Each structure stands twice: as structure tokens, then as C-alpha cells.
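First up is the structure itself, then whatever we jot down about it.
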Amino acid sequence: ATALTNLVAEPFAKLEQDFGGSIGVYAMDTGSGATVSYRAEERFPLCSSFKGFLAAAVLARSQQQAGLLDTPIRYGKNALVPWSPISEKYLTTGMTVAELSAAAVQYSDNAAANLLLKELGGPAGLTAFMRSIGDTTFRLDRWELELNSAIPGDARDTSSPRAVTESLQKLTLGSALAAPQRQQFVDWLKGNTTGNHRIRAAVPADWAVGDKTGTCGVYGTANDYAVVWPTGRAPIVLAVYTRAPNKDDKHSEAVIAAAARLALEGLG
Ligand SMILES: *C(=O)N1C[C@H](NOS(=O)(=O)O)CC[C@H]1C(=O)NNC(=O)[C@@H]1CCNC1
């Protein structure tokens, strides 16, 4: 017999009703193939969370272009947009592509993300990279800061929890990238500084986590995705996305952490 997905799903429905919105979750246990799934194929805004995949796209390009990660990007003052705390420090020198990538992933730096998008041929170039690894759901259409609008019913700048999880697995654990690039992506995710109150909060401190967060700041829209390495057994990949119908509906980190915990405890 197969899993009773109603019983797996029920606690997410209670959680999202207290939240006043929708919660989407997909988790995969790479040891057993077990999954947990709730609204996993619905679209949610990416917000900042695209920046993880952006860094992966940069790493893929570095496989065709030796030394890409070493290349300095020397930008002018109009690259600077708010929530760019790392790129704002280096206006007088520039930053390398590696530094920009680290900042985009680990501080969610907005200007760094735009600078890397430009290197890859814009939002369409990142979307094309995702299509190359078989993700037909992901779409990035706009740039920082407009991509955060999170308007209900807008398909722009969205993906699904399942597609995010599947793509994250391919890139971090599968062989979609060469091993050095794969480990770099993992190391950048592991060094994230913005995720302590989201998926990380549901994971024992003994276990390594790499993640990328997103917070659109409107329509209850926020998210996190992660790889979790429990000691001595197969890693877990998961994504938790939220949205809500009213512009002034609050996002909640506690709800993301709670949904992560329900997903992790429900596997296998
Ligand atoms: C990503 O979603 N953003 C970058 C910053 N870090 O948050 S997080 O670690 O990724 O969760 C800040 C949140 C957000 C972002 O860019 N916020 N800025 C806005 O969305 C602008 C104000 C309202 N619309 C544009």
C-alpha cells in the first residue's frame, strides 16, 4: 500500500489556516526516496531565494569559462540598491564574481544579484540555466527590486516548492555540476547568515545545513530552502514557501520553521 497523503498533509492545513495564507512544502529523503508534499506544485514568489540558483548558474558558467570566479566586476554607484550590505562596502574597488556570489547567497545582497544577472544575460539567462537542468517551473522575469512585488495571481518570478527542491538536489547532491563547483555551491549555502530562524531552527545543532531565504515583505510572502546532512546518513533536501492574499498579511519565520519541522519529522 502507498502513503495516506491526507494524514501526511493535515498538519500543514492547520498551520496555514492560523497563518491566514498558503504554505507550500516539498521534502525529499535522499536515503529512502521518501517525500513529504503539500501544495508542492503551486507557484509561490521566489523573492531573494533565486540568488542560490543564480550562484549555481555562475558556477556552471565557470566550467566553460576558466577563471570566471576570479573576474573583477568594478561597478558604479547606480548598481547600489537597498539591501546590498556587502556591495555597498566595495564601491571604491569592485568585487570578484566569487565575492559577489558569496554575498548574494549569504547576505542576500541585491546589487550583487543584479550584477551577476547581468553577467549571465539577465533574468532570462538564469531561467535558461534552470531549463538546462530540467526545471520547467522556475521563472525569473524581473530584476531586483521589482521581482519582489509578489502580487497574487502573478506568475512572474515564481517557482514551486517541488521544483526548487528537485533543482537544489540536482545541483548540490547530484552531478549536475562538476564536483569542485558542487562543493562550492554547498559551502556558500552552508555559510548563509540569514536563515537561523527558518529551516535551521527545526534541525538539531549537530547537523550541517545549507540554505537560502527569501522575504518579499508583502502578501505574507517568504521562504527558505535547504539541504540538511544528518550525521551518518543520507541528506534531506526541502523547500518551504508562503504567500497570503492581502498585501498587509504578515510573513512568519516561525511558520516556516514549524512547517520545516513537520516536513522533516514526517519523512520515511
Ligand atoms: C530577498 O527576499 N530580499 C533581500 C533581503 N534579505 O532577506 S532574505 O535573507 O533574502 O530573506 C531583504 C528582503 C528582500 C528584499 O529584497 N526586500 N526588498 C524589497 O522587496 C523591496 C521593498 C519592497 N519591494 C521591493
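Chain lettering (A, B, ...) mirrors the order of the C-alpha cells, residue numbering begins at 1 for each chain separately, and ligand numbering begins at 1 in order of display.
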
(message) Applying 8 Å and only C-alpha atoms, which residues near residue 133 (chain A) remain after dropping the ones on its own chain fewer than 4 positions away? List them as a PyMOL selection string.
(response) chain A and resi 129+167+170+176

Selection export as a compact mmCIF listing (two decimals), in the first residue's frame, atoms kept: N, CA and C atoms:
```txt
# COMPACT_ATOMS: atom_id res chain seq x y z
N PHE A 129 19.35 28.68 -17.68
CA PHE A 129 20.16 27.70 -16.93
C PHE A 129 19.28 26.69 -16.21
N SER A 167 15.58 20.87 -8.11
CA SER A 167 16.71 21.55 -8.69
C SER A 167 17.84 21.68 -7.68
N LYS A 170 19.60 18.29 -7.51
CA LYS A 170 20.45 18.04 -8.68
C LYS A 170 21.80 18.76 -8.56
N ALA A 176 24.94 17.39 -11.48
CA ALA A 176 24.62 18.41 -12.45
C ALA A 176 25.76 19.37 -12.70
```

(request) Give the alpha helix (DSSP H) residues of region 21-256 of chain A, as assigned by DSSP on the backbone, as an MDAnalysis selection string. (result) chainID A and resid 50:64 97:106 110:119 122:132 161:172 179:190 253:256

(message) I need the residue nearest residue 155 (chain A) from this list: A:99, A:70, A:42, A:206. Use only C-alpha atoms for the distance.
(response) A:42

Residues of chain A that approach ligand 1 to 8 Å or less, counting only C-alpha atoms and all ligand atoms: could you list each one with the shortest pair of atoms and its distance in Å to one decimal, rows by chain and increasing residue number, as a tab-separated table?
```
residue	atom	partner	partner_atom_place_in_ligand_line	distance
A:46	CA	ligand 1	2 (O)	7.6
A:47	CA	ligand 1	2 (O)	4.2
A:48	CA	ligand 1	2 (O)	3.3
A:49	CA	ligand 1	10 (O)	6.2
A:82	CA	ligand 1	18 (N)	7.2
A:83	CA	ligand 1	5 (C)	5.4
A:84	CA	ligand 1	5 (C)	8.0
A:106	CA	ligand 1	9 (O)	7.8
A:107	CA	ligand 1	9 (O)	6.4
A:108	CA	ligand 1	6 (N)	4.7
A:109	CA	ligand 1	4 (C)	6.3
A:110	CA	ligand 1	4 (C)	6.1
A:144	CA	ligand 1	16 (O)	6.9
A:145	CA	ligand 1	25 (C)	4.7
A:146	CA	ligand 1	25 (C)	5.9
A:147	CA	ligand 1	25 (C)	7.5
A:148	CA	ligand 1	20 (O)	4.6
A:149	CA	ligand 1	24 (N)	5.8
A:193	CA	ligand 1	9 (O)	7.9
A:194	CA	ligand 1	9 (O)	4.7
A:195	CA	ligand 1	9 (O)	6.9
A:212	CA	ligand 1	10 (O)	7.1
A:213	CA	ligand 1	11 (O)	4.5
A:214	CA	ligand 1	2 (O)	3.6
A:215	CA	ligand 1	2 (O)	3.8
A:216	CA	ligand 1	20 (O)	4.5
A:217	CA	ligand 1	20 (O)	5.7
A:218	CA	ligand 1	23 (C)	7.3
A:222	CA	ligand 1	11 (O)	6.9
A:223	CA	ligand 1	11 (O)	7.3
A:224	CA	ligand 1	11 (O)	7.9
```

Grab the residues selected above and save them as a compact mmCIF listing (two decimals), in the first residue's frame with N, CA, C and O atoms.
```txt
# COMPACT_ATOMS: atom_id res chain seq x y z
N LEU A 46 9.50 33.72 -5.68
CA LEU A 46 10.85 33.42 -5.26
C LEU A 46 11.42 34.41 -4.27
O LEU A 46 12.18 34.01 -3.37
N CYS A 47 11.09 35.69 -4.45
CA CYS A 47 11.77 36.75 -3.68
C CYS A 47 13.29 36.55 -3.81
O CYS A 47 13.77 36.12 -4.85
N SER A 48 14.04 36.75 -2.73
CA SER A 48 15.51 36.58 -2.78
C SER A 48 15.99 35.18 -3.06
O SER A 48 17.18 35.01 -3.34
N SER A 49 15.10 34.19 -2.92
CA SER A 49 15.55 32.80 -2.98
C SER A 49 16.14 32.41 -4.33
O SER A 49 16.88 31.43 -4.43
N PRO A 82 18.85 49.30 -2.19
CA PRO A 82 18.81 48.87 -0.79
C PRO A 82 18.90 47.37 -0.58
O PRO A 82 18.63 46.59 -1.52
N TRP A 83 19.31 46.98 0.63
CA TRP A 83 19.60 45.57 0.98
C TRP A 83 20.75 45.04 0.12
O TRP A 83 20.68 43.91 -0.41
N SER A 84 21.83 45.82 0.06
CA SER A 84 23.05 45.43 -0.62
C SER A 84 24.22 45.69 0.35
O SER A 84 25.12 46.50 0.05
N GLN A 106 24.72 34.59 0.87
CA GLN A 106 24.86 34.56 2.31
C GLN A 106 24.38 35.82 3.01
O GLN A 106 24.06 35.75 4.21
N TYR A 107 24.33 36.95 2.29
CA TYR A 107 23.75 38.20 2.82
C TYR A 107 22.58 38.65 1.98
O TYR A 107 22.01 39.69 2.24
N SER A 108 22.22 37.89 0.96
CA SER A 108 21.07 38.19 0.14
C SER A 108 21.26 39.53 -0.56
O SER A 108 20.29 40.26 -0.81
N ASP A 109 22.49 39.85 -0.93
CA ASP A 109 22.83 41.20 -1.42
C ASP A 109 22.15 41.45 -2.77
O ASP A 109 22.38 40.73 -3.74
N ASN A 110 21.35 42.51 -2.83
CA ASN A 110 20.55 42.77 -4.03
C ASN A 110 21.36 43.25 -5.24
O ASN A 110 21.19 42.74 -6.35
N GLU A 144 16.17 42.83 -9.40
CA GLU A 144 15.97 43.48 -8.10
C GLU A 144 15.77 44.98 -8.35
O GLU A 144 16.53 45.57 -9.15
N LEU A 145 14.79 45.65 -7.73
CA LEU A 145 13.93 45.16 -6.64
C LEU A 145 12.52 44.75 -7.10
O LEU A 145 11.70 44.26 -6.30
N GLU A 146 12.23 44.91 -8.39
CA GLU A 146 10.84 44.74 -8.87
C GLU A 146 10.35 43.30 -8.75
O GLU A 146 9.16 43.04 -8.62
N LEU A 147 11.28 42.35 -8.78
CA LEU A 147 10.88 40.94 -8.72
C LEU A 147 10.21 40.52 -7.41
O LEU A 147 9.64 39.45 -7.34
N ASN A 148 10.24 41.39 -6.40
CA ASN A 148 9.65 41.12 -5.10
C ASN A 148 8.20 41.51 -4.95
O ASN A 148 7.65 41.41 -3.83
N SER A 149 7.54 41.94 -6.03
CA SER A 149 6.19 42.52 -5.88
C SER A 149 5.17 41.53 -5.33
O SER A 149 4.26 41.92 -4.61
N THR A 193 23.92 33.49 6.29
CA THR A 193 23.74 34.17 7.57
C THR A 193 22.29 34.56 7.89
O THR A 193 22.01 34.98 9.00
N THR A 194 21.38 34.42 6.94
CA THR A 194 20.01 34.97 7.07
C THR A 194 18.95 33.93 7.46
O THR A 194 17.81 34.28 7.57
N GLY A 195 19.34 32.66 7.65
CA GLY A 195 18.37 31.58 7.81
C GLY A 195 18.24 30.95 9.17
O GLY A 195 17.60 29.91 9.29
N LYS A 212 18.99 28.94 1.57
CA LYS A 212 18.80 30.31 1.05
C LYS A 212 17.36 30.73 1.35
O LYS A 212 16.41 30.01 1.04
N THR A 213 17.21 31.94 1.89
CA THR A 213 15.95 32.53 2.28
C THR A 213 15.44 33.53 1.25
O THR A 213 16.18 33.97 0.34
N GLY A 214 14.17 33.87 1.40
CA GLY A 214 13.55 34.94 0.62
C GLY A 214 12.46 35.61 1.44
O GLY A 214 11.74 34.93 2.15
N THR A 215 12.34 36.94 1.33
CA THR A 215 11.28 37.65 2.06
C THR A 215 10.82 38.84 1.21
O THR A 215 11.48 39.87 1.18
N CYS A 216 9.70 38.71 0.53
CA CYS A 216 9.19 39.80 -0.32
C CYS A 216 8.66 41.00 0.52
O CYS A 216 8.62 42.12 0.01
N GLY A 217 8.28 40.80 1.77
CA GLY A 217 7.85 41.94 2.65
C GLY A 217 6.43 42.42 2.41
O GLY A 217 6.02 43.48 2.92
N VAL A 218 5.66 41.65 1.65
CA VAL A 218 4.27 41.91 1.34
C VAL A 218 3.57 40.57 1.12
O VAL A 218 4.20 39.54 0.86
N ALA A 222 7.23 34.70 1.97
CA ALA A 222 8.60 34.45 2.44
C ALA A 222 8.89 32.96 2.30
O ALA A 222 7.94 32.14 2.15
N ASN A 223 10.18 32.59 2.34
CA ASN A 223 10.52 31.22 2.02
C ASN A 223 11.92 30.87 2.49
O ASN A 223 12.67 31.72 2.94
N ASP A 224 12.23 29.57 2.37
CA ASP A 224 13.56 29.05 2.65
C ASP A 224 13.66 27.71 1.97
O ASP A 224 12.68 26.99 1.88
```

(request) Find the spatial neighbours of residue 51 (chain A), counting only C-alpha atoms, within a cut-off of 7 Å - ignore same-chain residues fewer than 3 positions away - and output them as a list in words. (result)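 My reading of the contact set: residues 48, 54, 55, 104, 105 and 113 of chain A.
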
(request) Could you find all residues in region 42-237 of chain A that DSSP calls strand (DSSP E) from the backbone, and write them as a list in words? (result)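 Answer for region 42-237 of chain A, restricted to strand (DSSP E): residues 44, 45, 72, 73, 95, 96, 158, 159, 208, 209, 210, 211, 212, 213, 214, 215, 222, 223, 224, 225, 226, 227, 228, 229, 236 and 237 of chain A.
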
(message) Measuring between only C-alpha atoms, which one of A:204, A:45, A:180, A:230 shows the shortest distance to residue 154 (chain A)?
(response) A:45

(request) Give the answer as one residue: which of A:209, A:258, A:168, A:151 has the shortest atom-to-atom distance to residue 246 (chain A), using only C-alpha atoms? (result) A:151

(request) Would you please work out which residue, of A:75, A:185, A:26, A:44, is nearest to residue 118 (chain A) when using only C-alpha atoms? (result)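 Selected residue with least distance to residue 118 (chain A): A:75.
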